[PDB]
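Step one of this worksheet: look at the structure below.
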Amino acid sequence: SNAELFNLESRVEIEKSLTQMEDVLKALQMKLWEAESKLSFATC
Amino acid sequence: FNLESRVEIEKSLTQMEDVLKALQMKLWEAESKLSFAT
Amino acid sequence: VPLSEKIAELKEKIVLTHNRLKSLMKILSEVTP
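Residue numbers (my numbering), protein chains in the order written: chain A, 1 to 44; chain B, 45 to 82; chain C, 83 to 115.
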């Protein structure tokens with residue numbers, strides 16, 4: 001079944017970039033947090 | 045990705061918004077690949 | 083279908099983080115004219 005194969009190739013490349021998006025955003029969330037603390041302390 | 049100065053926070057916050065904007069398209073792309081593989 | 087749920091959980095976080103970023107952009111422009 002090339003269908004079942006195609007399905008599996010999809011689900012692989014899908015959840016790969018899902019983890020990728022996970023890693024990109026949670027670094028983003030960490031620098032966001034730094035900026036929040038910066039402007040928070042600055043404007044008291 | 046600097047926070048030394050207000051001008052750099054501004055630049056850095058827009059970069060983060062541009063990054064999220066790329067993430068939202070990647071999420072949608074994943075939504076559709078998945079919907080097409082069921 | 084766990085992939086379906088990983089999509090939805092990831093979507094809501096993009097949104098929440100996007101909202102934090104929005105609120106911080108308004109606070110930052112009150113002090114950077």
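Ideal placement from N, C-alpha and C gives every residue a C-beta, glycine not left out.
Closest in alpha carbon position to A:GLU22, among C:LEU106, C:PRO84, C:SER86 and C:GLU91, is C:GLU91.
Out of C:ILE109, C:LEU110 and C:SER86, the CA that lies nearest to the CA of A:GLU15 is found in C:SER86. For the segment 63-81 of chain B, the residues whose beta carbon sits under 9 Å from a beta carbon of chain A are, in order, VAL63, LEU64, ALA66, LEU67, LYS70, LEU71, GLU73, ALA74, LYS77, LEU78, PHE80 and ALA81. Under the 8 Å criterion on CB atoms, A:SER1 is classed as non-interfacial with respect to chain B. If you look at C:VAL83, you'll find it isn't in any alpha helix (DSSP H); DSSP assigns it neither H nor E. The alpha-carbon of A:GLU9 is positioned some 15 Å away from that of B:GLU73.
In this structure, the alpha-carbon of C:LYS108 lies about 46 Å from that of A:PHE6. Interface residue (Cβ-Cβ distance to chain A less than 8 Å): B:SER56 is classified as such. For A:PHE6, the uninterrupted alpha helix (DSSP H) segment begins and ends at 2-42.
Closest in alpha carbon position to A:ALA27, among B:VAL51, B:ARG50 and B:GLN59, is B:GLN59. If you ignore the 5 residues before and after B:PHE80, its C-beta comes within less than 8 Å of no other C-beta in its own chain.
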